[PDB]
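*Asks:* Once you've had a glance at the structure underneath, I'll fire off some questions.
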Amino acid sequence: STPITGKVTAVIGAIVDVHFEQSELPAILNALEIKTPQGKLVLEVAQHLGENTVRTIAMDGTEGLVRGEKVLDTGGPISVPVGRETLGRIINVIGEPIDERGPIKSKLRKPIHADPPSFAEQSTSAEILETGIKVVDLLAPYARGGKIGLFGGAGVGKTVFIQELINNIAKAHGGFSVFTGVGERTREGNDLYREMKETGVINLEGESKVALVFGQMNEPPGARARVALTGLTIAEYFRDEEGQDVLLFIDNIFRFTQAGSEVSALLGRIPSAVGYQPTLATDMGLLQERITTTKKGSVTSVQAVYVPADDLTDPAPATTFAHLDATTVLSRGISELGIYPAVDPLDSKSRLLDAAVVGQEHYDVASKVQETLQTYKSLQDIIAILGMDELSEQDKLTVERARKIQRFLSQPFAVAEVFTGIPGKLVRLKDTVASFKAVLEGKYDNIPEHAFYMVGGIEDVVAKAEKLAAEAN
Amino acid sequence: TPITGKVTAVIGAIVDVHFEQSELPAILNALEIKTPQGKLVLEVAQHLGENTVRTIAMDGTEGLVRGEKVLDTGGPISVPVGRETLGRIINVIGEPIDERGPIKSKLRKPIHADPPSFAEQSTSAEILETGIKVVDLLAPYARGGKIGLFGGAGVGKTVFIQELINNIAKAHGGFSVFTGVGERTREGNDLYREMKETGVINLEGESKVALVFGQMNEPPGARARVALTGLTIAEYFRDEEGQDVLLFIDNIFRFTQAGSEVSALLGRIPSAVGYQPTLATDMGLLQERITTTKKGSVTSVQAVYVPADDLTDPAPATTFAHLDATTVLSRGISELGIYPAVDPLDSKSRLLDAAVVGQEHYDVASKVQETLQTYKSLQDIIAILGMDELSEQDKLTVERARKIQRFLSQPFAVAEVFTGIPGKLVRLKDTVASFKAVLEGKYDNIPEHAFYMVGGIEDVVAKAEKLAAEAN
Amino acid sequence: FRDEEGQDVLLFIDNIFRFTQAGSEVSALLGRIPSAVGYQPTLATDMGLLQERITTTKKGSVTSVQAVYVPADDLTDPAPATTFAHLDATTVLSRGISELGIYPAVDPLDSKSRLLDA
Amino acid sequence: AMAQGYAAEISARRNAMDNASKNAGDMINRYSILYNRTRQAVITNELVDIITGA
Amino acid sequence: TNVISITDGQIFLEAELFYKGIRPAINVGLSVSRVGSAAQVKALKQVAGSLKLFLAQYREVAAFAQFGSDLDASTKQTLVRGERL
Amino acid sequence: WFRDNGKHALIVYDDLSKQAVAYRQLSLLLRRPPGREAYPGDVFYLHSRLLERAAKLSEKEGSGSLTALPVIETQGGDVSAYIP
């Protein structure tokens, strides 16, 4: 009944010191409200600092705010709507859509922060997802119930792989995907918007499934931090209700951690549980344990851990890397070199990969495929030294099987249309697995250099040489 | 009426006077507290409110009884100015440290004063010839500019400044000045001696040099404001006199160090590398003030003692920007034994361009830097494997580069204390030609040890002949 | 016990490193700030409390002994350096020597000192 | 003689580069020590600065 | 770090390059640009598509020539091509 | 509770180092003065008390047995570290 409101007294840094009235002290993490001439000002309470004054670092611009403006609590934590109504929309951290796409009324707008699954609600399984890219179709399965990480600096564009994975999975997904744009560059935001809308994934008028929510990177840090909280809440709702294997992609968990540290420093708290961050433990663990597997179903996550250019020192990056199960490494150097997938089947990994978990043949070929590429990596140094002669008949076969297979590792993307110009490829697991084996098996060992590279499946590597051989004759 | 204030608290060198009246002393103004040993002037630094302003000491802080009556001059510390300054080595307060008594100054401008006007900045590309080989080719010295010699702790800064002083001053063609901050006491004594002996300051005759000494001994506030006093004297000698004035600042990093020591006791939260919270802003206000406007020419030598011998230190990093012609000297080059110690692969002068000192000079410097960079780049494989394991082209370049690096040093006129040779001033055009030849192999067979501590390639050949006579 | 019986008592100490580290722990607990590396405002006075008061009197002596197991045999800990400086000659108690024929195995090989004057 | 010399220079490719490999190992160990110490000290100084701010 | 996480990319002009005589000093390997040739006049693109790969190969042979020894035909050709480019 | 019954057992304080870090955060928030490695020096106190808990009892009290399986995190072999 009674609308609890207080007097926002002090604005320091990007934080507004929201005092309150007797019994009106809002709880920490509760959704406040601040109506401003520019619109709605979003402030999330912080450490309730006594003196009936609960601190708050706002989710909107600190500008224009006038001391003593009344702020009335929303009665609970920060909220964004939950449900299929969110599909096709760009949900902001405050929750006001920034696309001017009108309010897609949903069943509920749940509070962002909540409980995680109990150990009686946390299950585990060994499942592989059809990622459509032969790199992730062979060298590292993606988990239908387990985290799937990634790496690669600027220019490796792992977000492109993310969109491609979303599209391919949705193309055969019984449940709706999800994303979370943790502080992406705005232009990359619009380009992601265009590519997601036109790919058919974001059906502007239809029934889309990949609800992209972006933190927008251009706000005070609190919104950026809580954005992933919002996205996890949304995916939790989707798994809880639709009960289908609901994907989960996080834009830049490294940017999420930068935002968390920026929040901690922005808050009065002393950041020291990492050496530069005290909250890193709690927040990172909460976000990761939000991705949970239940007896009802699994909500598979896919977080992108940007590599701060070989930041082996950072404790938080090591916590993230040893916070998951399977990953793919997409380097821009010596991995994007002549590769549209831009991945490194060597440095990749898949804990779910067992002959009894990934297919008996798939492990047999991958073992050779990993070894041959490692041998190709092993023969990478020798061939350039004295020439391509030193290899034995089996070795030169490997050099002629792998250097084409490593070239064949590439694949144009169904979403990378705007740049490369090659129409995309989306073979399956039963396709890619036997595809690489036949490449290993030499049944098409006569194919040209670029014949299986930047191609589709094995049956699709036949035409590439055949149509290109027309120019020679 | 008189303005009197009571010293409310004296903590470290940052003292507090609670001037309990209406018109409190203005910020950046001078408050004088009459200690029995002198006039401990103070810089009213922060009006901490409640009729309390925190001051930085311009002298000793011991024995100031809480509540001493502090009289306010009101305006900035009025540094005496004028030709009379010449030959007198003033103190940080402007008080004449020379035991020649008060100096009859026609006027006294404020120590703190407005920087040069943004529209009064006479851009110039004139190169001032100092003669030192690295100064000769690798980084030209801008005539009437601000050349900063950011370098390690005494690994050449003091000697390079002294030699440059003994070189430029005789033909300064104007009225130069010397300003020190945190100067080694013996080094300050030596600088005064050399200026007296060179005739730069004539004790009973005309003097082209007026000194302000801010040796490290002083209280931190004095160390910080001494260079500002020097800059005020310099700007006064640049506009009012309107003639080229060479003002050299020694260890301007000491000014930033004074800022750092004062700031913490002044109640500013610790900054980067514990440096003062206002490093760049203050360094600019005391550096951008020094420039050669259309009013007059200013030759500025602002040596910066890069703390921790790693130019990554925030104070030296902020220092690097405001200075024009940077001649870095680092301990790595010194450990090789080269006295001039200039890091040729690093020390660069933006005053040096294609159309500045000559297309041939620009190409000579480019080739020399490329060769030395090649030597440094191949040093890893050289140490790991050996000179034989690499290319004969690479070996030839390495040998030429080693000879060139050994040619980088030179005998400086006042450094004859160390190397023992009478100093040699290499002519700019002669040096450029010598280097072009040496890269071109016009003396590539001369001895390496006969390339160090000599003049031009002529003295190099003479040394090679001498080594042919002696070493055999 | 030494002064209440005039009895010259040799003292054996657990570990100077142990006591100094415990004193560092307590000094941190007090409220002092951390120092350059791993110290705090009152590092030295901790061990300086006891060891500076154990000396030789007329009633006997107080020549204590500090038990040190050279941690990784590295002298990059200042307390171990000052302790090894405290000792006069070194007894190389190599494990092999214990089996070589000496049950005590106190090697006088490392008995180096310049105090042997005429 | 030519066979012995080719064998001996192949040895020089396994007994001179071997010394170079030893030099590289020593330099790599030293540099790894310096970098591991520098990273740790940087993190420690960061923690100290952050707490000293607080 | 924050700028490189927010900016479009970088032309990380390392000091060694500018010291190596290459003025301007875009260390091509250490350079990056998220936008890329899609934001470029294709007249540039037809030659840059080979220029980038040639610089990449030169990066692959920089160590080999740093050894200062012989190699196969591809390696020496790559070194000459990269230095010339 | 197991051991004093005289039986045997094995405790595994898995990754005690992270527990120490948690103590460091707890001290910092509780405003206990920071010390070396910025954890409260009380980290050693808590760790010692938690570590000397287990041993093999004598026949005087029935001889209970208990094995500890603590783990740590060698931050680049953080030998000069406090918690390790």
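If you're wondering about the labels, chains in the structure tokens are A, B, ... by order shown, residues count from 1 in each chain, ligands from 1 in order shown.
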Please produce, as a tab-separated table, a per-residue contact table for chain E versus chain B (criterion: any atom at most 12 Å away, only C-alpha atoms considered), showing the nearest atom pair and its distance in Å to one decimal, sorted by chain then residue number.
*Replies:*
residue	atom	partner	partner_atom	distance
E:15	CA	B:346	CA	8.5
E:16	CA	B:373	CA	7.4
E:17	CA	B:373	CA	9.1
E:18	CA	B:370	CA	9.1
E:19	CA	B:369	CA	6.2
E:20	CA	B:370	CA	4.8
E:21	CA	B:370	CA	5.4
E:22	CA	B:370	CA	8.9
E:23	CA	B:366	CA	9.6
E:62	CA	B:377	CA	11.3
E:63	CA	B:381	CA	10.0
E:64	CA	B:390	CA	10.6
E:65	CA	B:391	CA	8.6
E:66	CA	B:378	CA	7.0
E:67	CA	B:390	CA	5.8
E:68	CA	B:390	CA	4.2
E:69	CA	B:390	CA	6.3
E:70	CA	B:391	CA	9.2
*Asks:* Find the residues of chain A in contact range of chain D, meaning any atom within 10 Å when counting only C-alpha atoms, and list them as a VMD selection string.
*Replies:* chain A and resid 265 268 to 277 312 to 315
*Asks:* Excluding region 102-117 of chain C and residues on its chain fewer than 3 positions from it, collect all residues at most 9 Å away from it, counting only C-alpha atoms, and give them as JSON, numbers by chain.
*Replies:* {"C": [88, 89, 90, 91, 92, 93, 94, 95, 96, 97, 98, 99]}
*Asks:* Just the number, please: distance in Å from CA of residue 177 (chain B) to CA of residue 135 (chain B), one decimal.
*Replies:*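 If I compute the distance from CA of residue 177 (chain B) to CA of residue 135 (chain B), I get 21.1 Å.
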*Asks:* Based on DSSP run over this structure's backbone, return all residues of region 43-126 of chain B in strand (DSSP E or B), as a list in words.
*Replies:* residues 43, 44, 45, 46, 47, 53, 54, 55, 56, 57, 69, 70, 71, 72, 78, 79, 80, 81, 89, 90, 96, 107, 108, 109 and 110 of chain B
*Asks:* Taking N, CA and C atoms for each residue, export the selection above as a compact mmCIF listing (two decimals), in the first residue's frame.
*Replies:*
# COMPACT_ATOMS: atom_id res chain seq x y z
N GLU B 43 53.55 29.43 1.69
CA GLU B 43 52.65 29.49 0.55
C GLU B 43 51.27 29.04 1.00
N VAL B 44 50.34 29.99 1.08
CA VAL B 44 48.99 29.64 1.50
C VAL B 44 48.39 28.72 0.45
N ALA B 45 48.25 27.44 0.80
CA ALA B 45 48.02 26.42 -0.21
C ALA B 45 46.58 25.95 -0.30
N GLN B 46 45.87 25.85 0.81
CA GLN B 46 44.50 25.37 0.76
C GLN B 46 43.70 26.00 1.88
N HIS B 47 42.69 26.76 1.51
CA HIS B 47 41.81 27.41 2.48
C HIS B 47 40.93 26.31 3.06
N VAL B 53 43.80 28.07 6.86
CA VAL B 53 44.43 27.82 5.58
C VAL B 53 45.75 27.11 5.82
N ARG B 54 45.95 26.01 5.10
CA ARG B 54 47.14 25.19 5.26
C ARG B 54 48.22 25.71 4.33
N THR B 55 49.42 25.88 4.86
CA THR B 55 50.51 26.49 4.12
C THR B 55 51.63 25.49 3.95
N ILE B 56 52.36 25.65 2.87
CA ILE B 56 53.60 24.92 2.63
C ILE B 56 54.75 25.80 3.07
N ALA B 57 55.67 25.22 3.82
CA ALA B 57 56.80 25.97 4.35
C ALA B 57 57.75 26.36 3.24
N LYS B 69 52.48 34.83 15.49
CA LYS B 69 51.81 35.82 14.66
C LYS B 69 52.40 35.83 13.26
N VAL B 70 51.59 35.47 12.27
CA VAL B 70 52.03 35.34 10.89
C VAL B 70 51.50 36.52 10.10
N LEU B 71 52.41 37.31 9.54
CA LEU B 71 52.06 38.50 8.77
C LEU B 71 52.01 38.15 7.29
N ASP B 72 51.02 38.70 6.59
CA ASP B 72 50.73 38.33 5.21
C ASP B 72 51.20 39.43 4.27
N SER B 78 57.40 38.05 -4.17
CA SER B 78 57.87 39.01 -5.16
C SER B 78 59.35 38.80 -5.40
N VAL B 79 59.67 37.97 -6.38
CA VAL B 79 61.06 37.67 -6.69
C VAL B 79 61.68 38.92 -7.30
N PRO B 80 62.79 39.42 -6.76
CA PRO B 80 63.44 40.57 -7.41
C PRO B 80 63.84 40.21 -8.83
N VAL B 81 63.71 41.18 -9.73
CA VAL B 81 64.01 40.97 -11.13
C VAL B 81 64.82 42.14 -11.66
N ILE B 89 73.45 34.60 -7.07
CA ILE B 89 72.80 33.29 -7.07
C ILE B 89 71.68 33.35 -6.03
N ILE B 90 70.49 33.78 -6.46
CA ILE B 90 69.41 34.05 -5.51
C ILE B 90 68.93 32.76 -4.86
N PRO B 96 69.02 37.03 -1.72
CA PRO B 96 70.31 36.85 -2.41
C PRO B 96 71.25 35.95 -1.62
N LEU B 107 62.67 46.39 -10.07
CA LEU B 107 61.32 45.90 -9.83
C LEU B 107 61.38 44.48 -9.28
N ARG B 108 60.21 43.93 -9.00
CA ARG B 108 60.08 42.55 -8.53
C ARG B 108 58.73 42.01 -9.01
N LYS B 109 58.77 41.13 -10.00
CA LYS B 109 57.52 40.55 -10.47
C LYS B 109 57.08 39.41 -9.57
N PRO B 110 55.80 39.05 -9.60
CA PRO B 110 55.34 37.90 -8.83
C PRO B 110 55.98 36.61 -9.31
*Asks:* So that I can check the surroundings of residue 55 (chain F), please list as a list in words every protein, DNA and RNA residue that reaches within 9 Å of it, counting only C-alpha atoms and ignoring chain neighbours fewer than 2 positions away.
*Replies:*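 That gives residues 3, 52, 53, 57, 64, 65, 66, 67 and 68 of chain F.
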*Asks:* List every residue of chain C that DSSP, applied to the backbone of this structure, places in helix (DSSP H, G or I), and write the result as number ranges by chain.
*Replies:* C: 16-30, 43-53, 71-73, 78-86, 95-100, 108-110
*Asks:* Counting only C-alpha atoms, what is within 8 Å of residue 75 (chain A), bar same-chain residues fewer than 4 positions away, as a PyMOL selection string?
*Replies:* chain A and resi 26+30-32
*Asks:* Between CA of residue 99 (chain A) and CA of residue 1 (chain E), measure the distance and give it in Å to one decimal.
*Replies:* 29.2 Å
*Asks:* If I take CA of residue 14 (chain A) and CA of residue 3 (chain E), how far is one from the other in Å, to one decimal?
*Replies:*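 Here the two named atoms are 19.3 Å from each other.
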*Asks:* Write out as JSON lines the residues of chain D that have any atom within 8 Å of an atom of chain B, one row each with the nearest atom pair and its distance in Å to one decimal, counting only C-alpha atoms, sorted by chain and then rising number.
*Replies:*
{"residue": "D:17", "atom": "CA", "partner": "B:385", "partner_atom": "CA", "distance": 6.8}
{"residue": "D:19", "atom": "CA", "partner": "B:385", "partner_atom": "CA", "distance": 7.6}
{"residue": "D:20", "atom": "CA", "partner": "B:385", "partner_atom": "CA", "distance": 4.6}
{"residue": "D:21", "atom": "CA", "partner": "B:384", "partner_atom": "CA", "distance": 7.5}
{"residue": "D:23", "atom": "CA", "partner": "B:384", "partner_atom": "CA", "distance": 5.3}
{"residue": "D:24", "atom": "CA", "partner": "B:384", "partner_atom": "CA", "distance": 5.6}
{"residue": "D:52", "atom": "CA", "partner": "B:270", "partner_atom": "CA", "distance": 8.0}
{"residue": "D:53", "atom": "CA", "partner": "B:270", "partner_atom": "CA", "distance": 6.5}
*Asks:* Give me a file of those residues, with N, CA, C and O atoms, as a CSV table (one decimal), in the first residue's frame.
*Replies:*
chain,number,residue,atom,x,y,z
D,17,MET,N,75.5,-25.5,-31.7
D,17,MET,CA,74.2,-25.1,-31.4
D,17,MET,C,73.7,-25.7,-30.1
D,17,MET,O,72.9,-25.2,-29.4
D,19,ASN,N,75.7,-25.8,-27.4
D,19,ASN,CA,76.1,-24.8,-26.5
D,19,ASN,C,75.1,-23.6,-26.6
D,19,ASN,O,74.8,-22.9,-25.6
D,20,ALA,N,74.7,-23.2,-27.8
D,20,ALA,CA,73.7,-22.1,-28.0
D,20,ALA,C,72.4,-22.5,-27.4
D,20,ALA,O,71.7,-21.6,-26.8
D,21,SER,N,72.0,-23.8,-27.4
D,21,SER,CA,70.8,-24.2,-26.8
D,21,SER,C,70.9,-24.1,-25.3
D,21,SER,O,69.9,-23.8,-24.6
D,23,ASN,N,72.8,-21.9,-23.7
D,23,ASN,CA,72.7,-20.5,-23.4
D,23,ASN,C,71.3,-20.0,-23.5
D,23,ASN,O,70.9,-19.2,-22.6
D,24,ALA,N,70.5,-20.5,-24.4
D,24,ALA,CA,69.1,-20.1,-24.5
D,24,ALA,C,68.3,-20.6,-23.3
D,24,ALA,O,67.5,-19.9,-22.8
D,52,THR,N,46.0,0.7,0.8
D,52,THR,CA,46.5,2.0,1.3
D,52,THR,C,45.6,3.1,0.9
D,52,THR,O,45.6,4.1,1.6
D,53,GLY,N,45.0,3.0,-0.3
D,53,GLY,CA,43.9,3.9,-0.6
D,53,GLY,C,42.8,3.8,0.4
D,53,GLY,O,42.3,4.8,0.9
*Asks:* Would you pick out the contacts of region 78-87 of chain C at 9 Å or less, using only C-alpha atoms, so that residues sharing its chain but fewer than 4 positions from it are not included, and give the list as a compact mmCIF listing (two decimals) with N, CA and C atoms, in the first residue's frame?
*Replies:*
# COMPACT_ATOMS: atom_id res chain seq x y z
N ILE C 16 64.17 -19.20 15.02
CA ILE C 16 64.13 -17.74 14.98
C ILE C 16 63.13 -17.28 13.93
N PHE C 17 63.04 -18.00 12.81
CA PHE C 17 62.02 -17.69 11.82
C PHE C 17 60.63 -17.84 12.41
N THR C 20 60.04 -14.78 14.80
CA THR C 20 59.92 -13.53 14.06
C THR C 20 58.63 -13.49 13.26
N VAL C 65 71.02 -21.30 21.70
CA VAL C 65 71.14 -21.92 20.39
C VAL C 65 69.80 -21.81 19.68
N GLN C 66 69.83 -21.43 18.41
CA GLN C 66 68.63 -21.31 17.59
C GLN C 66 68.59 -22.44 16.57
N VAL C 68 67.59 -24.09 13.31
CA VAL C 68 67.23 -23.62 11.97
C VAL C 68 67.34 -24.80 11.02
N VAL C 70 67.41 -24.97 7.21
CA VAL C 70 67.60 -23.98 6.15
C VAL C 70 66.51 -24.14 5.10
N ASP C 74 68.21 -21.28 1.08
CA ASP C 74 68.29 -20.01 0.37
C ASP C 74 68.39 -18.88 1.38
*Asks:* From the set E:61, E:52, E:77, E:38, which residue has the shortest atom-to-atom contact distance to residue 421 (chain A), counting only C-alpha atoms?
*Replies:*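 Smallest separation from residue 421 (chain A) among the options: E:38.
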*Asks:* Which residues, written as number ranges by chain, have at least one atom at most 7 Å from region 291-294 of chain B, with only C-alpha atoms counted and residues fewer than 5 positions away on the same chain left out?
*Replies:* B: 116, 120-122, 144-145
*Asks:* List every residue of chain E that has an atom at most 12 Å from any atom of chain A, giving for each one its closest atom pair and the distance in Å to one decimal, counting only C-alpha atoms, sorted by chain and then by ascending residue number, as a Markdown table.
*Replies:*
| residue | atom | partner | partner_atom | distance |
| --- | --- | --- | --- | --- |
| E:1 | CA | A:308 | CA | 8.2 |
| E:2 | CA | A:258 | CA | 8.6 |
| E:3 | CA | A:185 | CA | 11.3 |
| E:4 | CA | A:154 | CA | 8.5 |
| E:5 | CA | A:255 | CA | 7.9 |
| E:6 | CA | A:185 | CA | 6.4 |
| E:7 | CA | A:185 | CA | 8.0 |
| E:8 | CA | A:185 | CA | 8.2 |
| E:9 | CA | A:154 | CA | 6.9 |
| E:10 | CA | A:154 | CA | 9.4 |
| E:28 | CA | A:333 | CA | 11.7 |
| E:29 | CA | A:333 | CA | 8.4 |
| E:30 | CA | A:333 | CA | 9.8 |
| E:31 | CA | A:155 | CA | 9.9 |
| E:32 | CA | A:155 | CA | 6.5 |
| E:33 | CA | A:155 | CA | 6.5 |
| E:34 | CA | A:155 | CA | 5.1 |
| E:35 | CA | A:155 | CA | 8.6 |
| E:36 | CA | A:155 | CA | 9.0 |
| E:37 | CA | A:419 | CA | 8.4 |
| E:38 | CA | A:419 | CA | 6.0 |
| E:39 | CA | A:419 | CA | 9.6 |
| E:40 | CA | A:419 | CA | 11.4 |
| E:49 | CA | A:338 | CA | 11.3 |
| E:50 | CA | A:338 | CA | 11.6 |
| E:52 | CA | A:337 | CA | 10.0 |
| E:53 | CA | A:337 | CA | 7.9 |
| E:54 | CA | A:337 | CA | 11.2 |
| E:55 | CA | A:337 | CA | 11.5 |
| E:56 | CA | A:337 | CA | 8.1 |
| E:57 | CA | A:337 | CA | 9.6 |
| E:59 | CA | A:333 | CA | 10.2 |
| E:60 | CA | A:334 | CA | 9.2 |
| E:61 | CA | A:384 | CA | 9.1 |
| E:63 | CA | A:385 | CA | 11.6 |
| E:64 | CA | A:385 | CA | 8.4 |
| E:65 | CA | A:385 | CA | 11.2 |
| E:67 | CA | A:385 | CA | 11.6 |
| E:69 | CA | A:385 | CA | 10.2 |
| E:70 | CA | A:385 | CA | 8.6 |
| E:71 | CA | A:385 | CA | 5.5 |
| E:72 | CA | A:386 | CA | 5.2 |
| E:73 | CA | A:387 | CA | 7.8 |
| E:74 | CA | A:384 | CA | 7.5 |
| E:75 | CA | A:384 | CA | 6.5 |
| E:76 | CA | A:384 | CA | 10.0 |
| E:77 | CA | A:384 | CA | 11.6 |
| E:78 | CA | A:384 | CA | 10.7 |
*Asks:* With distances taken over only C-alpha atoms, which of F:46, F:38, F:72, F:11 is nearest to chain D?
*Replies:*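 Closest candidate: F:38.
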*Asks:* For chain F against chain C, which residues fall within 6 Å using only C-alpha atoms, given as a ChimeraX atom specification?
*Replies:* /F:33,35-36,41
